[PDB]
Structure formats: structure tokens, C-alpha cells
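Chains as they are written, first to last, in UniProt numbering: chain A, 3 to 460; chain B, 3 to 460; chain C, 3 to 460; chain D, 3 to 460.
All residues carry an ideal CB built from backbone N, CA and C; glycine is no exception.
Protein chains: 4
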Amino acid sequence: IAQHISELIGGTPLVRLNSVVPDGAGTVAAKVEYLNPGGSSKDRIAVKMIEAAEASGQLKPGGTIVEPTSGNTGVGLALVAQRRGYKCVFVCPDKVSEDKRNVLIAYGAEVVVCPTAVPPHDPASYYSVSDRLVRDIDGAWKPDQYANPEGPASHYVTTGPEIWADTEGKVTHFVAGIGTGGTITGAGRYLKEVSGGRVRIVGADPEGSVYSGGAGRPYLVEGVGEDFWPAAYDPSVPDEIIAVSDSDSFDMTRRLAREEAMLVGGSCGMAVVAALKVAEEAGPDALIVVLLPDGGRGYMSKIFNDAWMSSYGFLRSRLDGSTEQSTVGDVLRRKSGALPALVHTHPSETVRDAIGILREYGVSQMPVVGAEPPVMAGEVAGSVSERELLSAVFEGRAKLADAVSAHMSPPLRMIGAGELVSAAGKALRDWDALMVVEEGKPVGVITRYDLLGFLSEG
Amino acid sequence: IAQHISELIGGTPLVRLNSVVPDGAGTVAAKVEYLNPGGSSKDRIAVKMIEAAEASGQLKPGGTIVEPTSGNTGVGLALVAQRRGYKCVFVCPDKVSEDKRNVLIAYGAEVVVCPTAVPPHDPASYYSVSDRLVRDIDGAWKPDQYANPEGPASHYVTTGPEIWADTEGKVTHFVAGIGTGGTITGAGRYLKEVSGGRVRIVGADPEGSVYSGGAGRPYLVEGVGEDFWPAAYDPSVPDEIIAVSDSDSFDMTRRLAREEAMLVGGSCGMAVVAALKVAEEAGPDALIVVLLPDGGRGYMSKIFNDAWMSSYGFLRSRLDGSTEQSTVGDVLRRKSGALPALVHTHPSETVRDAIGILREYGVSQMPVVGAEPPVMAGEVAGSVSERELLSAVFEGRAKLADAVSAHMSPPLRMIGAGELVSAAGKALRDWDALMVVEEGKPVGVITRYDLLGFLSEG
Amino acid sequence: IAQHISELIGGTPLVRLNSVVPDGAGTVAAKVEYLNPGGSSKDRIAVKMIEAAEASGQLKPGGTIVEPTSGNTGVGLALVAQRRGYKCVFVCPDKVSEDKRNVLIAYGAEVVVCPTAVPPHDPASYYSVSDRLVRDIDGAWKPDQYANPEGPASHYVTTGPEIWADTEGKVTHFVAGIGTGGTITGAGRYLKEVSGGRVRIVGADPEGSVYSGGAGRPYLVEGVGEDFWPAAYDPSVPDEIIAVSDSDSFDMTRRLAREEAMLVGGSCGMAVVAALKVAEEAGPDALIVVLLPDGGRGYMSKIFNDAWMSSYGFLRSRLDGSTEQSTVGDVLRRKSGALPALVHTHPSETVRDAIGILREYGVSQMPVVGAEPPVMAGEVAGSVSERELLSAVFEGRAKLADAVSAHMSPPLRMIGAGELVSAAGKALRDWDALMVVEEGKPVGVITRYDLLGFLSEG
Amino acid sequence: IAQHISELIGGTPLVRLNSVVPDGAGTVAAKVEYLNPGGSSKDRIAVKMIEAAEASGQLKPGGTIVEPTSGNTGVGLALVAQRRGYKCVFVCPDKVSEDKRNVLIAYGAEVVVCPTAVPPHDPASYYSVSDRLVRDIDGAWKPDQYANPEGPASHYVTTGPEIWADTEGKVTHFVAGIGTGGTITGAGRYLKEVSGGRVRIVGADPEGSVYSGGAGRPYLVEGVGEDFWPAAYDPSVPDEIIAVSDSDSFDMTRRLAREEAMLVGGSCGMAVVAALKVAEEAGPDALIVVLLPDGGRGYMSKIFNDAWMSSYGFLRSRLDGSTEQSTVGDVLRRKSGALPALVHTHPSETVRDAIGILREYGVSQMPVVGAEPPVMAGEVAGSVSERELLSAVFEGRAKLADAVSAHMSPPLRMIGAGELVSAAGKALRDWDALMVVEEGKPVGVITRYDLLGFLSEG
Ligand SMILES: Cc1ncc(COP(=O)(O)O)c(CN[C@@H](CO)C(=O)O)c1O
Ligand SMILES: Cc1ncc(COP(=O)(O)O)c(CN[C@@H](CO)C(=O)O)c1O
Ligand SMILES: Cc1ncc(COP(=O)(O)O)c(CN[C@@H](CO)C(=O)O)c1O
Ligand SMILES: Cc1ncc(COP(=O)(O)O)c(CN[C@@H](CO)C(=O)O)c1O
């Protein structure tokens, strides 16, 4: 029946969370947005924008759209353009993980994307190339949802009224994953008029953000957060903005996924946790309507990955649930089956020999013993690093001909072998290395660098 | 309003393809299945099967589901189980690309998967471990959609009737992506009864498949195809099965994606091409209803990737559309802009020296000249491979002390330097190597192995 | 007492070989030349030539010597020049052993050496740079012992007369390591005059040499052999030249070293074998005087090395004497200690997958089995190489989508695991690879290339 | 004439140094010992000891010699044994230059050598295996020149009397390379008796040695020096021992080689410098007799090598004489002529990203700038090492989510690009790294570790 796929955007259903809402609180339903053809709630802002531009006249037939497509934007924008038969050229933060720009290309959109994080002030960055293309090409258009009233108008038309119709105006508080504006600005501006002041418009934003009255910071939840107040936003709409920490967002997303079957992204998790928190000041009998405008399936590379979420130092439970042993043993090899080798420098060898052996085996810490490595029973005397000798060879306090036995540092303390990594790092907090002994024999050396590399590798 | 996310499965919309249907043919609409909460059309089978099992009694509350989850099954099955609060244990073909099992775990399903392609006949394979777990665990259940009448029952209940309601019974031919059966069987068995013989039930299956009366073969479109006739299928339902080639399937998928904004998987492309072909024997005024029960977003790793689709030797157009130059130059380096000294071997050096130099530079073909490499003007005389000498050192027809100048093979022919890779391979069809000359000087050597490696690397 | 070190050249002693002379033959004494200050018998030519040049006038005080120093020439020539206080500039085969040019530099001789084996015909080669320097520098001199009568005159003065004095003219046959001439010419021209025709002047030269009436060939015994007859040689002096094979020369050198304590070079071994052979036609009571004008200590890198003498395919006994087990086991690893599983490709995987897996593990031959690698009991069916598929992918007789099970070559035969390498190669003469089974299981694959690499590595 | 090669040991000539003696000092002649058949002065001790043992009775015919062979011992010992037809088994300190044990094997001596520097106190070391073999094998003998009066007896018989005969007792002072004592003890004990007190017996020993009344230390001149007073030495013989520094020994050896054509080892250089110094307290008209009992040709690997003598931090002139600056440019690559990227980590990327990028490119110091690397003009603001972040990630003073712009260390100072390495290290003495700018742009980073690695690699 539908004339085109684009005419299925909207009418997103509502679900009732049952495991993410502590007992005794009112119903907290969620509006999922990944059921739309574009896979993201943004395709709505897209269609409206395209309709408005076509009705305006500044975009003649046969023109070319151009703007920095963060990623999901190209989705809806290219969808609409292909529906009507337009072109799509995207110049955005190179960030776009390979998958993002691969998908954007798949929808028939030429990309000349340029690296981000570099303030151009000249044609030497992503916004630089974007502006250069805008100046160059004819019949183009810079939608720039950041500053476009039609953006929020879209939501004011068919983003909040749908919520009212589904809930029949029986919604106490509407939280939203604040961003450029739209969703929040439009949803609040609509829900407030039809209910006077009966509804509170909450706003979720990662801590340390401008919307929360803080300072700048890097971002890990794509789409949310910003540093310069976009002209398409007005705080007068929201009642009070509630901040949320990143560490409590990804964990919330994983929880929600395992307990309510919502493979949503990160912004959805942030909104969910925010809403949850809001659900306390309002007593029971209240209906909280949260929004999850990101279906997380391309996010499965990192957010649900056990490594990427471990590099940033927050993973409160492994995906499989059950915590597992991660003995330093495998951590000590990461390639060897039994063990790599207890590299040692007998205390009679020359300092140059020790420095060379360290430079050849790629280590920055090594014990020095008298007898052979294997037979050693933990009586090692010397403990030579790599930075100390390098700082002593030039400081005149040593000479290559000198024997290492007169410059060895105090023997670095040893720790367990089968112990969990967690304790290993906890102990590493007070020392820059340690000697792992295998059942009672010095078997290897562990340094913070290696532990971090192992934990981040996967 | 919805009690749970699972209660949004069904009611998939219909779209009208406008660029994949040659003019003059009747309307060929498609039913997309990736708008469901599970992201795949299989979740409907999941819900029906779970309902039937619960109503039966063989799955008591607090039990545990267990079966080989191809990948998307893990989606719907775990969705339903989490809705009702069950467990999920999957033992399937290790195939499941990292993303597949990562997503399955994300939905809270313990996986003890096992490698596939190995006929166990004992506890040594994926089905082996599946059967062992089935025998071991209590309160379990082996759904095995392959043999479950309730599977096709679901399609017969709420998979075809929806099509009839949307089209009001005005559907000439219904093509489907025949798989373990389901849709192909349920949809036909329903549509036929309400329309007598007014509707033809077409079936799409990759060539060289049992459903098409052929021989076994590997698979590249997950879900489709099979070798042993599943007990849950009956060919008496379909009117006539139409086969399709793999090479014309992925290309069709990419085409459909770029021309109708349908980021569907591969099986969808196969079904689309099938119907497309069927749309000829039936004249205009006919209404065709194709099915695309796979939303391709996790497929973006390979199907829309420019490399994976190139390793299998079929890519009729690069994703960006415009064909690009891929001269042997970069192909000759893969790691450099200049050029590693065209590994040479003066015809006076000993054969042992040449074999050693080849073994050290990792090459299997090298020209031998008199003067220095750079100044050479294409008068190279010798052309020594690596297999010939190895076959001559042991065949008594040569000795290490011998000079290479008495065993060099005829000088291998040279080709262009800036020429496209396509011509390079076309010419390589008649020789096992060639000497690429850079503007008029022998610069490198190209062998089929290196060309394939370059084309498959990306 | 000696005014300078150079005045100790000459008066080399004579020794009696007792283990290199089969019983029943006459005494065969040897004149060692490595007891001179220069370490080589050539220094005598150096001193004579320098004396002649100084007495002539074409080399004024403060001049500069220049000529291509094969290696030991740099010894005596620089010795004399430093004695009198001259300079030394050497342009010769760059392939002059590293140790060789290091030693030459140590004696205070600037080297601008150039690569050899390249016929310059222009300023692009070792002789090219030598001639350019000769033309450029003033007060220079090109000794070029190749064409200098004073060279042989040196021997005629104080190289043969010493032999006569030591033996009192009681020498039947004098063999010598014929080279640029010198000893072979001077010694004979002197010994013949004082004994009429009582002494036969034998000449030793590696087979396939111009001096032996043969064809050109590469050289492995530095100093001996040549292709163009030097103008400083006259065959009318020698009685009859006897050729010798290289394979019987190095072995003779090692034998002599172990049985007579003569750490001499290779030319010495060739001369020794020559005389040894000559000692048969002449009955007992004859006194043979061989010459060993090369003390082999810098030759200990290769000649006495167990690897370099193995790369050229002749080593009739290991240095330690006792033959040792090699076993393909270690030959199968060459790294770590245990065999890395076994590259396997199940016969259901796609051909592209097999080619990629071969390209990633760096192998050119692999068996294909049904079950897992370890449990396999030698029932492997497929045997796919790397050249066959590459020749079949382009020959139209296969396609990447095709299954490897329809193109596998006949399963390559297996051999023993603990067997000696000797038998391994002997069997490899009839096949290009084999499957090494470890106690009854296919453990690895062995190819001629790997065996040669192992034997040449050491 | 000679019955065997061993009967040429002795009668070493004397030479007059002309460039290593200061004008105005008396003649300082040297006795070279590398003209003997064994190549070392030790062979004389070998012959004497073998004669004594044979005449004693504790070594019956058909026995087996066994003792720890340093490097030249096996030479003479095996020479004598092969002359008489004995066996040779050597268990000595490991490290023995590969060449050393290769040569020892060449003379037909089985070696079961064991690692050194490990105090066994059990069969776990070189002396351990030596003692075990001595206990095990029958008909053996432990010569142990360390404690054998016949050792010094040899020198007393035919090591000093030869000096007296050559100089006719006209020798003022005899310096010697004191080692186990044998040489010096015998020479002094003989020369003193025939001249009363007319001759001073000087002794040369590297500084920081027991013979010089100092403390223990590693050794770099093989043969000289010792820690425990050998029982075969008596200081009552020498008049006064003069010490010498290692740094002034190798340089003296190289000087002597270039200026007097004496390719002697290191101990010879030490003795020469000793005598040289002694030649001052004694006025002109004095005749000094130095000893060089080591012909350095196997030492050409390191002593005359430009790298090994550079690793130990003393090389006062390159072998070729002319100094040639080694600009940091090549030092900054060691892989090519162009620096391969420096850093693009702008002060906005996350700390985890920076640590990962450092861990991937193998660096411990990197600048952080705003714009692109190339266009940068030296306005870099951040300077992040690798140890600081690792010490801040665990110290609670930072978190992975934090931005690096709040933890960057003060920007490390820059230095020149074409400047000589010497100045580079001199400046590095005050900092642990620097930023090398290429003509005015930051091109790379230099750290002490890299400089040392470059200087030691060669
Ligand atoms: C999950 C998620 N939630 C919300 C937003 C922004 O919408 P808002 O400003 O109404 O919050 C985004 C941004 N994504 C949009 C930008 O608005 C895009 O064009 O791709 C998002 O990815
Ligand atoms: C695109 C597509 N179309 C159809 C099917 C199978 O459904 P059918 O047997 O009714 O054809 C699959 C298999 N996918 C299902 C198996 O039925 C799964 O559990 O993941 C599929 O991926
Ligand atoms: C062992 C041996 N025997 C002989 C010769 C040449 O001397 P001849 O020409 O008198 O035979 C050489 C060459 N070595 C000389 C070249 O004459 C050199 O300058 O190094 C040699 O190495
Ligand atoms: C240059 C030099 N000078 C002297 C000695 C020892 O002799 P001495 O103890 O008489 O001094 C050595 C040791 N070299 C002997 C050990 O005596 C060896 O067997 O190799 C030496 O290398």
C-alpha cells in the first residue's frame, strides 16, 4: 500500500519496562525509535526538513544536499533524497566508524569526509571542506539541523502528539535524550500546551556538559552532549535538566538489553537511567515516558564488546554474567603456551650487556640472580629497570665498562601467580612492576603497561 | 500501551519498488521484515513456537530452551524467553560471525557453541554438544524449527493473512525466500485456500540446491538453501521453484539498497531477483508480493564491503559507483610509494646464493641482469623462479656449486605499469608471472598470488 | 734486532705431513706461509714489488699506491707501504669479505671499493672506479700483480731457492697452488735451472678452469682460478697441470686441519690434494714439496663452518666427527619446540577461504580432512597445494564460489617423523612435498624449500 | 726438515716500534708471538706442559687431556696432543667467541662447554662439568696452567733466554702482559739471574685488578686480569706492577696497528701502553723489551669493529680516521631517509586513545598539537610521555574518560636536525628526550634509548 519506504516513519510503539524500574514506582514506559525504516529516530527530522525545503524553493529539483552527517543523519537524509531522487554529499567528523560511512555509501551518497578534532580556520578540516563544497557546488543546501527551526517543528508536529494520543495525555513526566534539541524542544513545547503545566519535561545529558552547566569534555555517547549552545534549542521549554554519568550509562544500556530485550544504543541508556532517577521524586501512580531514539546494532562493536568497554576502565559485569578467572598466567604470556622466559642478567655481566639484552627482549624491568633461571628459589638479589641505567649512563654516575652489580635497584617485590587480575592491578597501584613467581619460582615480570595492553586487547 | 516489546511483532508494512522493476511490468510490492522488534522475520516463528510449547506442557515454567541458533533465531527465541523469563543456551555452527554471537549474548543467552562443518558421530561437534546438553539438562526443549509444524503454522496464522488483508486478495504471485520452509509453506497454504488457484506460490533458492533439484554446494547467503529435505516442508504447496545465482543476488541486494533504500540482507536480494524474473511470464496488471525477511545491517561487514565481495570474484560495480583506477603500481607495493630494489640476481652468482636471496626476500620469481638494477633498460636475460631451482637441485640436473647462468628460464614477459588491474589479471590468465616495468625500466615482478592477496586485502 | 716487521717475511719453515699421505708413498713435506708477518705468502710479492717500484722512479716519495686488493694483497702491500710510510687506496670486488676490508682498513688504507661481477665499460664498476682513480690521482701506481714480471721475479729470487736450500735440491716434484702465477712460475723457473730436468713442476687448479683447459665457472676458493690468461704466467714452465674438484678440496682442508694441525685455507687444501694425487705416479723414495700459501683463520667463518659448507651440497663429515641425528621433527618447527598444530582446510570450505588461509599461514601445500586435526588417524582425503588453485582460478576451470572438494589434488604421500634428514631429502627427490606424521598422526607438511632453508640456516 | 709443525714454536723475532715511542726516549722493541704455529704465545706453555706430563707418568699413552680452555689454550694444547696423537676435551667459560670454539673443534677437540659466570657449587656450571668429567673419565689429566710450575718453567727455559740472546743482555726493562703470571714470572726469574739487578721486570695489568692492589671488576681484554691470586705466580719476581686503563688499551692497539703494522690483540696494546709509560722514568739509551703474546685476527670482530668499541663508550677516532658526523636525521629513521609520521594526537582525544596509540607505535614520548602534523610550525602545546600517564591512570589523579589536555607535561624542548650525534647526546645529558625539528618543523622525537640503540647497532 505504501507509496515508498519513507512513508512508514512514525507511529513508533510504546513498551513497558519491567526490570529497570525499582518496585513501588509508577509505570515508566519507553518509546523505541529503531523500528522506523531509517533505524533511527532522526529520520523524522529528516523528512520534515526535506518537505520544508522542497516547499520553500531554495532547493530546486535536481539539486544536491550537503551537510556534515554525524552518521544516523545520512541515514534519514539519504533515505528521503533517494525517495525523491536527490543526491547526498557528506563531509563530517572522520569519526564515523568504518561501518557508519560504509552504510552511508550503501544508500548512494558520495562522501568526501575529512578528519575531525582539527579547528580548520581554513580549508584544512571537515567543516572546512564542507564550507568549501557549499561555496563551490550549485543548487546545494546546508540543512544543518543544529540551526533549523523546522527540525524542532517536526517533533512538535508528529513526535509528541503521538505520545499524547497513545497515553491519552496521561503522562506525568517526559524525559528525553537531549542533544541538538528537536526531540526535547519539540516534545516539551507540544506536551506542555495541551496539558498546561501538568507535565514536567526532564532532560538527560552526560555529566560535565554545557546543557548541565558544566565544562567541556570528550564524548563517548554519539549524538548527545555539546559545547556551544545550538540556536535551535531553548532551555525555557524543559523544566529541569538532570545529568548522568557515562559509567552509569553503558552499564544501564547493557542491563536494559539483558533484562527488557531493548538492543538500544547508549543515548537510550542515558535517557533510561535519567528517567529512572526522576521516577523517585514523583510518587507512584505516575506515568513516565522515556525515549530511546537509537537502535543499537552497529553499536554492538564496542558498547556490547567486552574489550572497548574495558579500555575506558568501567565494566561492572562481563557480558556472560558470571565473573571468570583471568590469572596473570595467561596475562604473562598473551602468546606463549607455558611461559615466555624469565629474562635474567647475572650480576657479573657488564652494564652494556644488560642494557642490550633489555633492548633486544623488549622489557623495562628484570631481576638479576646468581644461578640459572629455573633452579632459582626466589633469592634474586638484583632488580634492574631500563630507565635507571639510561639515566645513569649519561649522568656520569656510571660507565658502560662498570659492572651492573654496583647499580642494581632494590629487588622488586613479588606477587602471586594464579591470582586474579583485579588484585594484580590493585597492588600495582603502589609499584611500577612486580615479579610473578610460578608456584614458588620467579617466572616473569609484570608491569602496568603490559596489564593495560592485555586488558585492552581483549 | 504494549505490555511487552514482543507484542509488536507482526503488522509489517508493504512498499512499492520503483527502480528494481523494469517498466511495462505489473506492480511488484515487497514486505519488509526488519521493522519488527527482533530485526528479523523469524521472531514471529519464535513467538508462535513459544506459545505452543507453553500451552503444551513439555516446557514447564523455570525450564531452559536449547537448540542450534543459526544467528537470527537467537534473536526472536531469546526475545520471547526474556519476555516470559526463560533461559537460552545455544550450541550452533561456530559460523555465527563475532557480531552474531555477541548480540546473542547481549540478550542474556549463555552460548557453548562448537565448531561446525565437522560430522561428529560423537561428542565432538556443534550438534554433538547440542545433543549432549539436551540429554543432560532437565526441563529443556529442542525446538528445532527444522521439524516443527507449529513453525509453518505461525506463517499460516499471521504471515499470509496479513498480506491478503493489505492487498485485499489482489495478489497474482507471491515469491518468497524459501529456507527451512516456514513462509514458503505457510504463506502459500493460506493464500491458496482463500483464492483457490488464483495465486501462484513462487520459490527462490540459490542455484545448485536441493530445493531446485540439484547437487550440494557451499552457501554464502545465510538461512537459504539446504541439503536434506526438512520434515517441515512440503513442495506440494509451491507452484514452481525458481533458482537464482549467487553472483546475481548480492549485486541485486546492493542495487536495491542504492535505488529503493532497502538495507536488506542477501536472502532478500535473492527473493527480489526471483520475483523480478517471475514478473515477465505474468503480464502487466499483476500484483506481486515479494518478502524480504532480513534487515541487513550486520551484513554490512561483508555484503556491502568492497573486499569480501571481491574475494569471491564477483563485484560488478564499486560501492561508490564510479569505477576507479587501481594501477599495478600500488599493487606492486602495498606498503610503499617508492619501490623495493627489484630483487635481482646477477647471472654470475652461484645458484645457492640465488635460492637464498629468494628465500630471504620472499619471492618466487626474479629476473637476472648484468648491470645494476636501476640503469637497466629492459635487456634482462635471465628469469629464475623458485620452484624450478628446487626441482633442479634434487633432480640431479644441477648442483649448488653450479652457476645460475646455465639454468635460467626464458625471460618472463613484461607488461605495463600504469595499467588497470583488470587487464593485469586478464593477461595473467596465460602466464604465472610478469615483469612490471616502470615507464621503461624493470621495476618489479607480479604474480597471481600477490594480485589475489591485494584484491582480497582491501 | 729487526729494523721493521716487514723484514721478517721469508724463511718459512717446512713440515712433514703424516696423516694426509697414504702409506707406501715418499715423503711429502709442506711449506707453510701463514707464519709470515702478513699472514699470507703474498706479502713477499708485496715487498719485492715495492722495492722494484722504489728503485725504478715511477713512484716518487709521498706518492699513493692504488690497485684492486683481492684481500690478502691489502695485507702485504699496506704492510710495506706503512713500513716506508706510503698510502693505500683499494678499489676491488666490494664482496671482499667484511672481515677482509675491516682488516685492510685497520692497516690504514682508505677503501672506496665498488661492487663486482658487473662489467662496467664505464665508471660504474670496481675496475671502473679503480681506473677513474688511477686517471685522477697524481703520484699513484697500479701494481696489478696480474701483469708484473717483478712479481714472479720475487719468487724466483727468494721463494724457490729457499726450498732448494732446505731440501738441498733433493725434491722430486714441487706442486703449487697455481693462481695469478708467481710461485707456480717463479718456483719452477728457479728449481728447474739448478736441477736441469730432475724436478717436475706440478700445478693445482680447481676443475673447470682455464689453466686446466676447460670452461669458465664461479669460484669458491679465493685466489685460485682465472678465466683470462694473465700476462705474468707462462705454461712452458710447469710440467703438467693437475686439476682438482672443489668438493674434494674443502674436505681435504678440514681433514688436514684435524689430522696435521694445519689451520690453512682452501687453496692450501687444493694444493695438498693435488700433490697427494701426484705422489702415486712417482714411487717411494721421492720427496714432494707442497705449498700452503694461505693461513686459514679468517676462513673459519665459512670453510670450517658447518652451514656454509652445507649450503653448497658437500659436507662428508660434521666438524665434531660423529654423525648426529637431525630428525624432521625439529626441521618441522625451526622455532618454539612443538609443531604448531597442522594447517588444515575442511573439504567443505570455499576455495577462496582455502587460498586465503594458505596465504596467511605462509604454506604452499596442505592436507584437507573431515574431522579435527588432532584426532585424525591418517585418513586425510584432500591435498591442496597453492600453485594448483592459482593456476585454476584464472584458467576458467574453477571459480571462487566453488567448493574445494572438487579440485583437491591426490593426497600427498606421508613419510616418517623421527627419520634422518638424509633419507627425507633422498625421498623428496621424487616428490615436491610430503606429509610428516607424528607417531601415527599427520603432524606437518615438509617441502623441499623448507628443507633447504633449514639446512642452510644452521 | 721439521718433524712436525709443533717443532716450530719459539724463536719469535723482535721488531722496533717507531711511531708508538715518544721522541727522545730509548729504543722500545717488541717481541711478537703470533708468528708461532699456534698463533699465540701460549703454545710454548702447551709444549712444555705436555713434555713434562709425558715424562712424568701420570698421563699414559692413549689418555685424554681435559681442562677449561679459555681461547688460545685449546690451540696449543690441541696442537701438541694431535702431534703426539692425544684427545682433547674442553669444558670452559661459555661466551667464548663462537669463532673460538669453532677453531677449537677444527683441531679435533670434543667440546662439552658450559655457561660461565654461574658459581656452581654443584654439577651446574662450566667448572662443575669440568670437575665431573675429571672424576668420571679415566686416563685423563687436568693441566690447569693456573697452578702448574712447569708453566713458568717453560718461560724460564725458552722464553726469556731467547730475549737475552737476541739483545745480548742489553735490555734495561722488560714489561709483560701479566696474566696467570707464567710469562712474566719466568721471564723475570731468568733475566734477573743473568743480569743481577740490572733489569727491571715491569708488569702491565688493567686498572682495578688484584695484581694492582684493587677491587674486582669485569674484564674486556681476554687473558689478562684475575681476582684470586693463582698459585703459579710470585710477585717477588716483578719489580713494580704498573696499571693501565681499558679505555687507553684498545685505542693503543688500534694506534699500533695503523702506525706499526702489528695486528695484535688487546693484551698486546695494554703491554705496549704500559711499557710506553715506563719508558719515561728511564732516560734515553735504555732498551725496553715489550711482549705481544696475542696476534689479533679473531679479535677483528670487535676490537677493530666500529660498533662493539662504541657500545662501551670509548672510541676516540673512527677506523677510517676522518671523523664523519652522523646527523640525527638517519639516527631518527634507522629504517629509511624520511621520518615516518610523528603524532596527530590533538589535545582533544581521550587519554585511553593516546595511551593506545603510543602502545601501537612503540614510543615513550610524543608531542600534542592542534593542527595537522606537517603544517605545524613549532607551536606544539602538549608533550605526553608514556610513563606519566601510566603513573596517573592508577594514582587516581586521572581517568580514562578524561581528556589528555588536562594532563600533558610541559612541552619538551626541541634541538637541531642536522647536528652531530655528539652534541645530541651532550644535550641529552640534561633531559630524557627532545623534539627534533626538520628545518623548522617538528619532525620526530629522540630519546636516550634510541640514541644508544643506534650507536650500538652500527
Ligand atoms: C541516539 C540519538 N539520540 C538523539 C539524537 C539527537 O536528537 P535530539 O537533539 O532531539 O536529542 C541523536 C543524534 N543523531 C542525529 C542528530 O540529531 C543524526 O542526524 O544522526 C542520536 O544519535
Ligand atoms: C532471510 C531469511 N529468510 C528466511 C529464513 C528461514 O525462514 P523460512 O524457513 O520460513 O524460509 C531465514 C533463516 N533465519 C532464521 C532461520 O529460519 C533464523 O533463525 O535466523 C533467513 O535468514
Ligand atoms: C693462498 C694463495 N696462494 C697464492 C696466491 C697468488 O699467488 P701466485 O700468483 O704466485 O700463485 C694467492 C692470492 N693472494 C694474493 C694474490 O696473489 C693476495 O694479494 O691476497 C693466495 O691467496
Ligand atoms: C695475550 C695473552 N698473554 C698472556 C696470557 C697468559 O700468559 P701468562 O700467564 O704467562 O701471562 C694470555 C692467556 N692466553 C692463554 C692463557 O695463558 C691461553 O691459553 O689462551 C694471553 O691471551
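Three-state class that DSSP yields for residue i in the structure shown
i                      : result
residue 462 of chain D : Examination of residue 462 of chain D is not possible in this model, given that chain D is present from 3 through 460 alone.
B:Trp231               : coil
D:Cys94                : coil
residue 462 of chain A : This structure cannot speak to residue 462 of chain A, because chain A is shown only from 3 to 460.
C:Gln327               : coil
A:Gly59                : coil
B:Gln367               : strand
B:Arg18                : strand
B:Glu35                : coil
D:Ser211               : coil
8 Å contact criterion, which residue i and residue j should meet: CB distance rounded
i        : j        : result
C:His157 : C:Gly188 : 2 Å
B:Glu152 : B:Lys50  : 6 Å
Endpoints, the beta strand (DSSP E) within which residue i is located
i        : result
A:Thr174 : First-last for A:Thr174: undefined, no H or E at that position.
B:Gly205 : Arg202 to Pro208
Rounded C-alpha distance that separates residue i from residue j
i        : j        : result
A:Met302 : B:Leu430 : 42 Å
C:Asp250 : C:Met272 : 8 Å
C:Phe456 : D:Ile107 : 22 Å
D:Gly40  : D:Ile11  : 8 Å
C:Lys401 : B:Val423 : 18 Å
Extent of the continuous alpha helix (DSSP H) run through residue i
i        : result
D:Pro70  : From DSSP, D:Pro70 is part of no alpha helix (DSSP H); its letter is neither H nor E.
D:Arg134 : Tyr128 to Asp138
A:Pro117 : From DSSP, A:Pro117 is part of no alpha helix (DSSP H); its letter is neither H nor E.
Below-7 Å beta-carbon distance, residue i vs any chain D residue
i        : result
A:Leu457 : no
A:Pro220 : yes
C:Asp101 : yes
Cβ of residue i within 7 Å of any chain C Cβ
i        : result
D:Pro15  : yes
D:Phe306 : yes
Beta carbon proximity, residue i to chain A, threshold 7 Å
i        : result
D:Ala309 : no
Chain B within 7 Å of residue i, Cβ atoms only
i        : result
C:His409 : no
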